[PDB]
Structure formats: structure tokens, C-alpha cells
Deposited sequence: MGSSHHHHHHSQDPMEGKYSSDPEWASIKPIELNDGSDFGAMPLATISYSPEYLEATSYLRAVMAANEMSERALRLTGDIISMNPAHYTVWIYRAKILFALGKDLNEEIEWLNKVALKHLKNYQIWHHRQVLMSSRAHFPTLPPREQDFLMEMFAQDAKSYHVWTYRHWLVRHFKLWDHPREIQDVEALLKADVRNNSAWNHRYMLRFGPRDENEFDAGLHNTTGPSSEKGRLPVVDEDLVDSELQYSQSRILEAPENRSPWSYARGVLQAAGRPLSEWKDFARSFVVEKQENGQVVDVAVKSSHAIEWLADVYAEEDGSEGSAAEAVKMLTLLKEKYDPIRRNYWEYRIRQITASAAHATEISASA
């Protein structure tokens, strides 16, 4: 074995695997590990048991990670050693980048990145090529949930809401694929996400209020709202059946405390239907924001088009909405 013959490791005795394959019945879902992985992990058990913080243990974690990057325990132990030994975290980041590029779908790598990057002593400000590395990941998988999650944390941590590369990178990704919902979600955070550092992080403003009012901004920048709505319309015109910009627009209007009827004419322009989202938009306008007579009937017409032609898999939801509108209109007629 590698470790068992290395004088570097002579001072410590490995702890052999105990899977229960000797006591009682045979264990379930076993894996016939390679001799290399068996030996490395046996030495890992030994150093962790002794709480050893050393250069040799650090190298060991790197070796095990090279065999199995989904080993959650080894990453956490590695982070402990790095801080305990006062290792150069810039060098650790450069190494981590290479691991990330080899294992696109691994999320443990990205929690580890957050742990390191959160250290103000080592990273007082946003590293000059950090955003570039994120774009190198997004160029390979533009919707990577864990990389987007890390980028959200990065924005909050370094206060990058108005940093031009955040909005620039979002728009570059939306140029490449306007249907990238992850980019739209990040855009909402940049523009409308809560920033108060004295509060717990939240996806929406006003979580302390009634749930129906979740998202409402305390103070509204009206020019910014107009600009974001105009941007949304422009992207919609590129591909009207794309749900993401319609959902974003609903989010912006909710945050701004503006009614969906601000887009009534815009929605109608797609109706010969070029967008089912335009139909759903009109249904809500006629049902929830229009108090005139006949408006309820028109909402039901829109929902009928959806359930019969334009989105029939969601028939039971459309019908639920119809029943709600009918009851509401009946209550209105009653009083």
C-alpha cells in the first residue's frame, strides 16, 4: 500500500473498515472498494480520530477527494485543516477551481468554496477573477443550481447588487438563452431582493407581513420598475411562449405594488394566440382587478381557452380558477 509503506505515515496506525460484515447478518448495499480507497480512508479515520491538523492529513484529503469528491466528511475535515494551519487560501481556491472544472455536477465543492470565501481575513474584497470563473462554469452548464446558489451568496457577502458585472453576466446569459430561468431569478435578486444586512436573508421583501403581501417593497424606485418592465417586454417579444420573463414581470409588479392591468394591452396584443402566458395574464386581470360587469365572464372564457386548447394538461387548475371566479361573481351579484 501507498500509505502503509510511507515513512511519512509510520507514526500513525490506520483504522480498518468495520461494515458489520463479521458481526451478525450481512450488511446491505455494500461496495467492493479498491485497495487504494480502502487504505486512504482507513488512514483518514485515524487522523480524524486523533483530530490531527497537519500537512500530511491535508494531502490525504486531497487524495481521497481525487478518488471520491462526493465524500462530504473529507471536505469538512479539509476545511478544518486549512484554517488550523493558516494555509494560503488563494492557492486553495486555485486548486479548487481545477476540481470544480473536472466535476461539474458536484455540489460539495461549492459549499467548500463558500466556507473559504467567507473568510474576511483572507478575502476582504471580491477577488479580481472570481466572477470570470463563475462564467467559465456557466459556459458549460448555464443552469447549474449550485453555482447559481454560490453566486447569490457571493452577491450578498460582497454587496454586489449594483456591481455592473452581475447584471452584465445575467444579460450575457439571457442573450445566449432567453429561456434561462436561473438568470432571470438572479436578476430578480439583483434588482428587487432584500439587502438589509440586519435581517436574515430572504427571497422576497415583507415576509413579516401577510403572506398575500409577500414581496412588497417598503420603498419603490419607480424609474427602475419601469425600466425592468420594459426590459421584460423586449425579451418577451423575442419568444412570447417563454414563461420566465412573464413570471419575472408578475414579480416586479407585485414588488412595486402595481396591478397586472398595467400590461392589459400588451397581453392582448398576443391574442390567433402567440402566447398562453398572455391568456393567463388576461384571465387574472379580468378576474381580480376588473370590477366591471362582464369581466368575470371574460376571465372564464380565457381559462376555457387554456383548458381546451392552449394548456390542457393543467385543466384541473384552470377549472379551479373558474369555480373561484364563479363563486366570487355570485357573491358580488348577491350583494
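Residues of the deposited sequence lacking C-alpha coordinates, numbered from 1, fall in the stretches 1-16, 288-299, 364-367.
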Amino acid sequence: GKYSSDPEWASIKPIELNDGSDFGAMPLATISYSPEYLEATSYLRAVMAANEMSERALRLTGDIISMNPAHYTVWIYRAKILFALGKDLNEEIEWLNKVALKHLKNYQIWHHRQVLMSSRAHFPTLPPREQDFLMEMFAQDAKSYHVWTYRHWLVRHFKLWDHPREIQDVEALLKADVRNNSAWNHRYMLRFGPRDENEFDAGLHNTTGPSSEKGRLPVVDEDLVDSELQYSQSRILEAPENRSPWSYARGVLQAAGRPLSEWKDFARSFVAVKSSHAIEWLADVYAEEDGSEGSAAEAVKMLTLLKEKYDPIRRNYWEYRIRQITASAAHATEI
From here on, numbers count along this sequence of modelled residues.
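If you average the C-alpha B-factors over 281-289 and over 302-310, the higher value belongs to 281-289. As the entry records it, the average C-alpha temperature factor is higher for 213-221, out of 213-221 and 173-181. When the C-alpha B-factors of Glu199, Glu228, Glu241, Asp141 are ranked from the entry, the top spot goes to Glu199. Of the candidates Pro127, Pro194, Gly86, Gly251, the PDB record gives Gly86 the highest C-alpha temperature factor. Among all modelled residues in this chain, the alpha-carbon of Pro245 has a temperature factor (C-alpha) in the lowest third. Per-chain ranking of the deposited C-alpha B factor places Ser234 in the middle third. In this PDB entry, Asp265 carries a Cα temperature factor that places it within the highest third of its chain's modelled residues. Split the chain's modelled residues into thirds by C-alpha temperature factor. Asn106 is in the lowest one. Per the PDB record, residue ranking by Cα B-factor puts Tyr320 in the middle third of the chain.
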